[PDB]
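A short write-up of the structure that comes next.
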Amino acid sequence: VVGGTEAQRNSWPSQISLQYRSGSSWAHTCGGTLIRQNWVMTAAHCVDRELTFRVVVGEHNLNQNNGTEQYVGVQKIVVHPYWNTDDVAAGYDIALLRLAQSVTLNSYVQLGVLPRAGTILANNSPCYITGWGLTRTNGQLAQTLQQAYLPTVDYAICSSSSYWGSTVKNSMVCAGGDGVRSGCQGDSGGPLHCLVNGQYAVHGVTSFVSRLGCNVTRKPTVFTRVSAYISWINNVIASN
Ligand SMILES: [Ca+2]
């Protein structure tokens with residue numbers, strides 16, 4: 001997250017860190033949303049590599065013991081059957097990860113609240129991005145969970161030529177584009193939390209930024225639209 005502020009420990013308890021096994025170490029690669037005690041929602045592209053993955057819940061500082069973490073292996077990965085590595089701009093950037101164990105819920109570990117199917121927000125809807133991603137374009141990861149106020153940019157505007165044009169589909173959410181705050185590498189697969197009827201719900205799964213840079217004016221961060229996928233999500237979980 002470029003232009004973030006440090007999150008409070010208990011603000012976003014559905015955020016996980018998706019990590020891969022790197023020599024003898026575990027490195028952060030993506031964010032995710034805990035949507036059941038045994039199911040994580042992330043981006044497809046974050047599990048295109050055949051790595052050994054683990055999920056960390058209750059995580060605040062990547063490099064310290066917070067006293068709150070639970071570290072859980074991934075037992076099954078279900079990517080959207082339409083996902084194509086070679087075409088992010090097509091969409092379907094979403095995956096469900098089944099956890100080897102159920103986690104325990106507490107004030108650091110909760111489930112993310114999903115939108116009703118078909119829900120579109122109005123332009124300029126108040127949402128936050130959260131993540132341990134790069135804090136500058138070509139920068140480094142954050143140690144602590146960053147948050148950024150990232151208001152939505154409607155389809156009509158986002159698809160217009162000055163903005164993303166044709167690259168963005170109506171199965172996506174655009175948020176931000178001010179030149180100052182954005183998603184950046186390592187935020188991918190995480191949440192976009194938006195305030196609807198007094199409740200934060202997870203509307204977006206972070207998917208891409210511009211090739212020219214993370215924080216680029218009139219290139220909002222682009223998210224998979226979760227509300228486009230509710231029947232898919234539900235069908236996966238009922239049947240595994
Ligand atoms: Ca920690």
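FYI, side chains are in, hydrogens and waters are out, and symmetry mates aren't considered; it's all heavy atoms of this structure. Each residue takes its place number in the sequence, starting with 1. Both ligands and their constituent atoms are indexed starting at 1 by order of listing.
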### Query
Pick from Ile94, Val88, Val47: which one makes a side chain to side chain contact (heavy atoms under 4.5 Å, CB included) with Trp83?
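Running side chain to side chain contact (heavy atoms under 4.5 Å, CB included) over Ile94, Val88, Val47 with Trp83 returns exactly one hit, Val88.
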
### Candidates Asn234, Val236, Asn235, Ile230 - the one meeting side chain to side chain contact (heavy atoms under 4.5 Å, CB included) with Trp232
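When side chain to side chain contact (heavy atoms under 4.5 Å, CB included) is applied between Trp232 and each of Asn234, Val236, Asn235, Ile230, only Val236 qualifies.
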
### Message
If I consider every N, O or S atom in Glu69, which one ends up closest to the Ca ion (ligand 1)? I only need its name.
### Response
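Nearest N/O/S atom of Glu69: OE2.
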
### Closest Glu59 atom to the Ca ion (ligand 1) [N, O or S only]
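This residue's closest N, O or S atom turns out to be OE1.
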
### Task
Angle at the Ca ion (ligand 1): provide the value between O of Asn61 and O of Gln64, rounding to 10 degrees.
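The O/O angle about the Ca ion (ligand 1) sits at 90°.
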
### Task
Look up atom CG in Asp93 and atom CG in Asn84, then write down how far apart they are to the nearest 0.5 Å.
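Reported to 0.5 Å precision, the distance equals 11.0 Å.
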
### Query
Is there an N/O/S atom in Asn66 that lies less than 3.0 Å from the Ca ion (ligand 1)?
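For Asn66, the answer is yes, given that an N, O or S atom comes within less than 3.0 Å of the Ca ion (ligand 1).
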
### Query
Hey, are the side chains of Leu18 and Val40 touching, using non-hydrogen atoms and a 4.5 Å cut-off?
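A side-chain contact under 4.5 Å is absent here.
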
